[PDB]
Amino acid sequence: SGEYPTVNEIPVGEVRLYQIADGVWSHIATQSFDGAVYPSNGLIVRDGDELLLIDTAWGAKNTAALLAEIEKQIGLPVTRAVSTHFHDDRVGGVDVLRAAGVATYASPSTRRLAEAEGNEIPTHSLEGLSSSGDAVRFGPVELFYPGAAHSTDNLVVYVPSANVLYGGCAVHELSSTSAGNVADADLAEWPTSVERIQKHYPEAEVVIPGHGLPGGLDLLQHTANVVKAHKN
């Protein structure tokens, strides 16, 4: 009823949207992994009379439910999607999107890692993002490669019209006591990558983590703190 929706409030298989700013929504879904249930976020950005999707809803059935919820709540077609790293909470559902006519994109680094790991593979490669600090425009957003953090390929997304920074899994929510799933992370480089984000997007007003509640710029420093302490 207006609060940001949380893990125990979303049954696995259902999707909720949350209005972040004019023409910007997050999407929230839940999934089970190794016997525990987790929420995860993505983004939706209005692109004229079309929509740009950032990240799947973590699984084929969740992503079908996402498309249905978008049609119910927004009613504009999703024409393109970008996956921000190669894990299943970002690409799981790409096959569903591709069969619904959505053009799917990711960096070549993400596409190679997804293919090698057996995850679903976005169709189109996003060049111009291979060096830390790189940025490219993609419809109504800017894509930025900050360096290795949660994964070596992780991208962040900025919506300049609304000063919304979608950090993906390289950014953690404020209540987080942990660095999350660090299986593919670079804990040594992560603070440096966060510092690059902070330097590049100093006017961000909303910061959205890959899992959990949005907040302000403090999420970035908090993320560096939690990662450094995890490493310690």
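For every residue, the number given is its place in the sequence shown, counted from 1. The term rigid core refers to the most C-alpha atoms you can superpose between the two forms while keeping them within 1.5 Å.
Chemist: Which of 7-15 and 217-225 lies farther, on average, from the shown form in 9 other deposited structures of this protein once the rigid core is superposed (C-alpha RMS)?
Modeler: More C-alpha displacement in 9 other deposited structures of this protein shows up in 7-15.
Chemist: I need to verify one thing: averaged over C-alpha atoms only, is the B-factor higher for 187-195 or for 165-173?
Modeler: 187-195 has the higher mean C-alpha B-factor.
Chemist: Give the stretch, out of 93-101 and 107-115, with the larger mean C-alpha temperature factor in the deposited entry.
Modeler: Averaging CA B-factors over each stretch, the winner is 93-101.
Chemist: Using only the C-alpha B-factors in the record, can you name which of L17, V24, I208, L217 has the highest?
Modeler: Highest C-alpha B-factor among the listed options: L217.
Chemist: According to the deposited entry, which of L51, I54, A179, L67 has the largest Cα B-factor?
Modeler: Among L51, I54, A179, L67, the PDB entry lists the largest C-alpha B-factor for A179.
Chemist: Could you place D153 in the lowest, middle or highest third of its chain by Cα temperature factor, using the values in the record?
Modeler: Answer is lowest: the recorded C-alpha B-factor places it there.
Chemist: Going by the entry, which third of its chain does the Cα temperature factor of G59 land in?
Modeler: Answer is middle: the recorded C-alpha B-factor places it there.
Chemist: Check where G133 lands among this chain's C-alpha B-factors and tell me if it's the lowest, middle or highest third.
Modeler: CA B-factor rank for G133: middle third.
Chemist: Relative to the other modelled residues of the same chain, rank the CA B-factor of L76 and answer lowest, middle or highest third.
Modeler: Its C-alpha B-factor, which the entry lists for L76, ranks in the highest third among residues of this chain.
Chemist: Please place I44 in the lowest, middle or highest third of its chain by C-alpha B factor as given in the entry.
Modeler: For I44, the deposited C-alpha B-factor lands in the lowest third.
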